[PDB]
Amino acid sequence: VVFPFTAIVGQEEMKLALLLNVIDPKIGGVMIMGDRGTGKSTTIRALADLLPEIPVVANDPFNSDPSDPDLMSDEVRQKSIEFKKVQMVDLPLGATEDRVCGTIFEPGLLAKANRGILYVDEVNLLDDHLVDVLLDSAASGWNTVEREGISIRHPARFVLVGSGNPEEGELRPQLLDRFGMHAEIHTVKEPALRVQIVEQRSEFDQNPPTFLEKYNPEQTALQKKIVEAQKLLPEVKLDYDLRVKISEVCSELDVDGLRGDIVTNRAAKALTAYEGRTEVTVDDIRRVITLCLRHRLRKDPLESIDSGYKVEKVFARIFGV
Amino acid sequence: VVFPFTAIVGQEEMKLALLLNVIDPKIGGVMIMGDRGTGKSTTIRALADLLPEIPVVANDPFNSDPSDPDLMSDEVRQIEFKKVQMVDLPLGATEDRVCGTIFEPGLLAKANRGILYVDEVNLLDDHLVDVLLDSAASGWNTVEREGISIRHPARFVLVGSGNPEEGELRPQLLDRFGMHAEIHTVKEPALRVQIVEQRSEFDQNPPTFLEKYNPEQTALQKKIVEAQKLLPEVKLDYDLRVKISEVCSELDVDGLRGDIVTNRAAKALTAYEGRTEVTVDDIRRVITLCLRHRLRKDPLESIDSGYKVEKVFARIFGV
Amino acid sequence: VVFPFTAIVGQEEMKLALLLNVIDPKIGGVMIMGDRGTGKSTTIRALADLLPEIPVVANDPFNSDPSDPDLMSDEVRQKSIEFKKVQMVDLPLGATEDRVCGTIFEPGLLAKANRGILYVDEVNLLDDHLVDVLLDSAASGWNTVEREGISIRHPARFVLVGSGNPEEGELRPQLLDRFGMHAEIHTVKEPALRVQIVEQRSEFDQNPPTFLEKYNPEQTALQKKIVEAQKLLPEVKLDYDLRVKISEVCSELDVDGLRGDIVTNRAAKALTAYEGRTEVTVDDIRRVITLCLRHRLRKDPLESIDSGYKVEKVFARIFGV
Amino acid sequence: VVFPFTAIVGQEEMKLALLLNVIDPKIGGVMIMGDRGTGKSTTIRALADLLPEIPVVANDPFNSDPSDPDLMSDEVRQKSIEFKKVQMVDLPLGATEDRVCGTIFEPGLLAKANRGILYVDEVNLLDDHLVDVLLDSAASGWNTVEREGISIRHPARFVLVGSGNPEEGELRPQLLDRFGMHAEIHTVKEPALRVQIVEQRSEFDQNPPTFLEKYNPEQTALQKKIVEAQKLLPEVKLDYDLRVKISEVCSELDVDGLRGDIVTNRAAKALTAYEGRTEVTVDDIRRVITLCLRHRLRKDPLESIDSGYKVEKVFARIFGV
Amino acid sequence: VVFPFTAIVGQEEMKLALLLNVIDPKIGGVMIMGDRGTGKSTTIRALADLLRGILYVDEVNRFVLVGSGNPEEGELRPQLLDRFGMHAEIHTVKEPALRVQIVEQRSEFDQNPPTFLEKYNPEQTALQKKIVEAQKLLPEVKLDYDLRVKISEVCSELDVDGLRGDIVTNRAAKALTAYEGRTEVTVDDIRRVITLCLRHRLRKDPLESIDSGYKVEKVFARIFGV
Amino acid sequence: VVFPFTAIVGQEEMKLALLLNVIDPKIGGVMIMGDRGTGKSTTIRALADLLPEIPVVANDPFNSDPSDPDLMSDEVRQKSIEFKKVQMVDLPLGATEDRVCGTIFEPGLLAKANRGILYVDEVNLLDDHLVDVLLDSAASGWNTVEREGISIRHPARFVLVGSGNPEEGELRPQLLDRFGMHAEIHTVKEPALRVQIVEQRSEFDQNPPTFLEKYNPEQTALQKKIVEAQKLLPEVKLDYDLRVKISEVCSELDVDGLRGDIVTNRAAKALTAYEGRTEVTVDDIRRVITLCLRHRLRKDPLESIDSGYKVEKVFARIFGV
Ligand SMILES: Nc1ncnc2c1ncn2[C@@H]1O[C@H](COP(=O)(O)OP(=O)(O)OP(=O)(O)O)[C@@H](O)[C@H]1O
Ligand SMILES: Nc1ncnc2c1ncn2[C@@H]1O[C@H](COP(=O)(O)OP(=O)(O)OP(=O)(O)O)[C@@H](O)[C@H]1O
Ligand SMILES: Nc1ncnc2c1ncn2[C@@H]1O[C@H](COP(=O)(O)OP(=O)(O)OP(=O)(O)O)[C@@H](O)[C@H]1O
Ligand SMILES: Nc1ncnc2c1ncn2[C@@H]1O[C@H](COP(=O)(O)OP(=O)(O)OP(=O)(O)O)[C@@H](O)[C@H]1O
Ligand SMILES: Nc1ncnc2c1ncn2[C@@H]1O[C@H](COP(=O)(O)OP(=O)(O)OP(=O)(O)O)[C@@H](O)[C@H]1O
Ligand SMILES: Nc1ncnc2c1ncn2[C@@H]1O[C@H](COP(=O)(O)OP(=O)(O)O)[C@@H](O)[C@H]1O
Ligand SMILES: [Mg+2]
Ligand SMILES: [Mg+2]
Ligand SMILES: [Mg+2]
Ligand SMILES: [Mg+2]
Ligand SMILES: [Mg+2]
């Protein structure tokens, strides 16, 4: 039993963030920000049942693929089947590295997290000491147990989601970077959508196994659209002039550089590419640049003005509207 | 024997809050606020006897039901009733006794289809409150450690208390909780003499005092048994459904998790009253006990929490 | 053997209250706070020869009672006479949980002391994790032996006495309300009393088993008096029209009011039994009302006042003795 | 081989109230708060050859007298030879309870100190740890030891020695009262005396086991005086007016309880036995009163006065010269 | 699985620092601090190949450990900040075209990893020889007494308490003019390492607004010569 | 395989203070402080190559000599030889209270420190950590440990030579007051000396054998000088006038305690033995006075007067010129 994905109401930006990162497991981690409730856990939980079946080998927690290039493991000695879905690998609050990585073999939490989706809890409460060690091993590619005199490395490539709390401050500016881009969640105030959410929740609760039937065609239409858009990635091209055009708008924001501009063009051919259109445009980048790369900024709290206005204003003049 | 449940005198708020929770074990847990030396603990233990007998499969530790789904833990793969046992955890107990690792589901399976509680949660040992609270709202359990998925259908209620002068709970957990109950100390000696009369007569005659109010307890048991089946008939009109949440929209309430409580409780209010259509006035008798612990969470001065919930709601619902 | 109880000079307040608890073991514990080196820690240890007899089970592994309606012993709920003196057991600040309850079963120090006096010294200096197993066990009735794959409930029905110094710290407010019927002791002023006490223990230290011989014919009669209060413990008369007066007082001090009233009602009537009368009197209450509920009154820390006087400050307003 | 006691020059104050406890191990503790290098830890260790011999039972279970009331050994008492000198033992700078109390039976360290001398070095240290254990055996003469399933009593009574630096804080006001004597040690301010100190010490380092031989009869002539004092300890009488004056003085100083006020009445008897007189005179009052009743003052840093000037002024105003 | 060595775009300051560190071990370790994400871990992992022992230190706030200090907090305690090599700041790229082809870089790496090395295989090859012969030059290089008395004069003028800033420079400036082929150290080749070195061990003492290299340039030019 | 001792250029304070200590193993170790990189730890490592040879007992359980009576540690007293090289002991900054002293045969660390040299690095740190337990053999000859049921005696007689930067802070008096040797290291500021000390650092690193062969004879000459000085150390006297002068300087300078005067006489005797002349006059009292007493003076908590000039201000004023 699980809640349907498309049955949710609103939350276009957050769902848009999932739509971008899900196709490419190389853009990086993605923060999601917002107040309590709002079904943040449900949405990512709703993400589980939208994908083609992924293959296992026999039972391994990594189970990336029975035949793939990066399969550095002792099982290759045997080399030299079944189809499953994604399993969410949420970790408890105040955990310890004894099972996240392991000791002197035993498996790890990140081992089960391989190729899946790792929903980490409130990172503001979590201490930096227990998370800095392999915060995202995808950049490293595989595991590293060089500590305590061990030499085992296994793949740990997967996507991250932050899900912080905007009540006890934010993470350190150094730690905020290298993750990815931001994501804001609003709060509905119109009673119509409120009562709609209440009615949908009550109807699902009353009839668990029959509600999803009324929302069946969308749950497969979206999956088919994503599957079709998956194969269009290695065909999109970007104009040389447009590539340098953005380079004259990031500098005025005093961006750290060399990674802020490497994620826009890494994800530019996903919003303009999943619609089926091959040639990139200018206005399409407009949507993907307002939120992405904005969270870097320069951490200037001594200012009271529309922060988003800063992103679009400098962007308009360089691109000439 | 124990204290009579109906023998409690002068308290109705927490009594009603517990009564609405006993009927349908789906609203959520209830916490109770007040003052020390008031008498909250005895009433909680008095509920352990007022109950209808519930059957079992084979007197298994899970002890949920002989029938009905969701009991897949070696219960419906292919017997007496007794009564529900209230489970109290000991002080200073970590996960070793909460769930164990090697199965021995102590303190949880015995609490499944039962009552579990703890007091003075305002400085309760941490790392433990989160584990049970998240699983209380969750379906069955979280025993994923050691690579095992034997998660037992630990479905029950949760009762907690504390002290409003020694500190409160984390805001990240209070808003996730259920109903909010607050009591006080009776200031009239005319009933305090009645209170001190009890605990001084029934002690020397428990066999005599067991039948002192037996007809009332039997009437209450039959009333709750009858009212259990009356709930799945109440209907709420569309206009009144959107009439609420106008105050919540006018006020500042975090999310909608604190809104479903009114819909899932107000219907149960008329379940044991014999009614089938909801009214306007009765809403004010249940809206106050919920969503009031959240408010605007801005404690800068002395603000009456009840005044904001009640006075504003009166204008919306026309007094 | 030890210092005779009746040889203590002065200190009427402490001597009047602590003996009153023997005749009725239903009231809770007792603690005394005051200046060090003033008379405590020896009078309490001198109460080992002032206790009557009580029934006892055959070999009594439960150590509570063989002839009561509620037994819940090891060999009562399954199986279904003797007289012994009630014992007093003291525990130091050296042991830990390993022996207070115990398991493999052997009983701990807590389990053996039933319906008696359990004396611990310097409860102010008592380390934590020890009072936690005593916060509510002594006020509930039974303990938990849930460890080691079994589950037993040894009884908790006794009275514990403590004696500390109010300079090294203060107890947690939960302890200050769990207790009841306590007293405070200051130093002596009259020089002749000082001469008397300095003579004492020096006339005594010359020959231990000679000083008690002089007081032997006088100390025995006390054992007769309290036994009389055992027969007069029931049948004590207290009109309901005075119960309102004993309860109106608490509302004026804004105390919890659900322990002071019960303790006063259960102790004032018993105070008459030791005397000999049957009908209580207003004057018979003013000598015990102040001693109780003193450790429960709440006062503003900025305000400085003596609770031992403020308790009976409003006494004149109610009926004025 | 240790430095002989009858070789320290100067410091007649400490040299008088240090061997006084040898007369009778009942006066109480002794404190010497002084600066470093003044020989505080040297003269104490010299006592190992200036104590008498006392009879004791065989096998030394707890070092208890054969014929004395209140033995309560619980192993040989129900059964109702060799005399030995007292023992010397010190505890190190910090330890655990395993040796202090006892465990696996195997006796603890405190058992050996019974009827002997135990001295603690750097008493300013060992705060809140391994100190509250030694807070019951003093001023009571008994303690209870139980853990790991073994429970045995301890008839332990002795006297204590305190020494350490004076500028490392203060001792907790619970172990302080268990010390019956206190002294202050200065450094000699005189050229001739100082150089005499220098020459006297170095002469011992040349040939150790010849220097003490030059002082053999001088130290032997000292033990006879203390032996005569011990033999003449009985028959010593004090006037009634002397008794009423030895306690009336403490009223003007407000001593924290009448716990240490009896030590002075137990000190004048010992000093008079040293010379040989029987009836205690006024002389043996001012020579000892300030030595013992000096650290029992609650004056605190509130007035411009220190040392024992207040004690001398009050004593002189009450009586004397 | 690895990133090319000579394909890294940089101001050559980090490259020269690490090259002088590897050409002679017993000089310490070049700490790097000033920014984050720019090139630190990539350069450090690049140094792990195409080469005694090499280590790495993170989150600061024969064996050589270059490490990578925390940029936000700065450095550690000045008393423990020593026992290392020269300290270098982090350059921030500004030219838009530089951003253009640096973001073009590693894109083809993502497209096809086990080919990028080949695209940079030949020229990088020459690098592994440019140091191999260099090691057979340091035993055959001398220095003049006039330069020896010239050195430690800058240290004497400043407060360089701790006699280690007059040995590491002579052990480093010697090595810089020991791999090109030249045998005599020029009067200006000293300037190529003194500005980089003597940075951490100057007892900063922030009593006035001071620049990193302004002092080490002005005081050096004041006496040593313009 | 280290820097030869007879090669340090400049800073003769070390090669006098630390070298002179080896003559008479009675004064405490050196308490040098200074900046880093100046060689404060280089010369200490060099002393390991130049040390005398003493005899020890068989198997050396506690580092004791065989021809030394009265050294009753554990077994020699009841029963009351290879001439092996002495050894200096060092400890890491990370340890535990049970690490230094032998516990559950199992010996300890100080067993190797008896009649040896003990080196401590950054002694200004490590507060309460292994320094409280290291006050036994300082100002005393024995250490008492009875932990875990086994009690022994330690004859440890180490030197306790310290080091450490002074930038962090000062020391609590108890630790520092046991040091008798104390130099003051200052960095060189002469270009010729700087280039000189730069020069020979290179060739020694290139070929240590050539450097040590070059600097061979001076080490042998120094060893012979030390041996002759130690042999001729006794039979050196002093007149009365110089002793009373050395008392007067300390008395007027007001040094706390008495350990100050003891050390200076031994230092002067050892220095005049190192020179070779039997008689001693006013030559070694002008040189080794501040170096043995400057650190002891701690009467300037607020005054800003240089410490080095203070001693010589009064010395020449009273003594001699
Ligand atoms: N789109 C939605 N808007 C509002 N409420 C929703 C939405 N979807 C689901 N809900 C309901 O809102 C309630 C709160 O959701 P949920 O418990 O998943 O919150 P959460 O994201 O885990 O909260 P928190 O941020 O406090 O950890 C649930 O009853 C859920 O069914
Ligand atoms: N209606 C009542 N009002 C007040 N007290 C009552 C009432 N009924 C019973 N009591 C008695 O009041 C006492 C309260 O005991 P209880 O264990 O409930 O503590 P409490 O006052 O709730 O506080 P605490 O949290 O400190 O235990 C009991 O002796 C109980 O029998
Ligand atoms: N009536 C009395 N008044 C005062 N002291 C008395 C009296 N009777 C006996 N004593 C003796 O006076 C001494 C007081 O010591 P005691 O142990 O009673 O002090 P305390 O108040 O318990 O101190 P602490 O708090 O330090 O343990 C004991 O030796 C005790 O025997
Ligand atoms: N009368 C004396 N006064 C002072 N010192 C003396 C005297 N006689 C001998 N000494 C010598 O003075 C030194 C004192 O050493 P000791 O450790 O006992 O002193 P202390 O005052 O107890 O020191 P600390 O307070 O630092 O523990 C020893 O070397 C001892 O031989
Ligand atoms: N007399 C001297 N003066 C200065 N430096 C010297 C001298 N003799 C040798 N050196 C060299 O100076 C350097 C100092 O090294 P070393 O680490 O021992 O110094 P340090 O001052 O003791 O350091 P630290 O305080 O950091 O422990 C070494 O290279 C050493 O060979
Ligand atoms: N030659 C180069 N010049 C500038 N930036 C580069 C170069 N090579 C890689 N980068 C960028 O540097 C980033 C690596 O950041 P890194 O320095 O490892 O972070 P951190 O400083 O936290 O270790 C990569 O994302 C890459 O885009
Ligand atoms: Mg959530
Ligand atoms: Mg309770
Ligand atoms: Mg006591
Ligand atoms: Mg000493
Ligand atoms: Mg060093």
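Swiss-Prot numbering applies to chain A: residues 14-93, 101-124, 137-353, in that order.
Method reported for this entry: electron microscopy, 4.0 Å.
Even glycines carry a Cβ here, placed using N, Cα and C.
Here the Cβ of A:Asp48 (ATP binding site) has 15 other Cβ atoms within 10 Å, regardless of which shown protein chain they belong to. Secondary structure from DSSP puts A:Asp48 (ATP binding site) in coil. The ATP binding site annotation in Swiss-Prot covers A:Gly47, A:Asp48, A:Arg49, A:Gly50, A:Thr51, A:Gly52, A:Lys53, A:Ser54.
Around A:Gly47 (ATP binding site), taking its Cβ as the centre, 20 other Cβ atoms fall within 10 Å, counting all chains.
The most densely surrounded of the binding-site residues A:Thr51, A:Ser54 is A:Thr51 (count of other Cβ atoms within 10 A of its Cβ). Around the Cβ of A:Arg49 (ATP binding site), a 10 Å sphere holds 17 further Cβ atoms from the protein chains shown. In the deposited model, 12 residues go unmodelled between A:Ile124 and A:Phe137, whose Cα atoms sit 7 Å apart.
A:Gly52 (ATP binding site): 21 other CB atoms within 10 A of its CB, across all protein chains. Note that 7 residues are not built between A:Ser93 and A:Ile101; their Cα atoms stand 17 Å apart.
Among the binding-site residues A:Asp48, A:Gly50, A:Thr51, no residue has its Cβ under 6 Å from any atom of ligand 2. Listed binding-site residues A:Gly47, A:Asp48, A:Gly50, A:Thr51, A:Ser54 compared with chain B at a CB cut-off under 8 A give A:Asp48, A:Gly50, A:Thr51 as the close ones. The Cβ of A:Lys53 (ATP binding site) has 20 neighbouring Cβ atoms from other residues within 10 Å, across all protein chains displayed.
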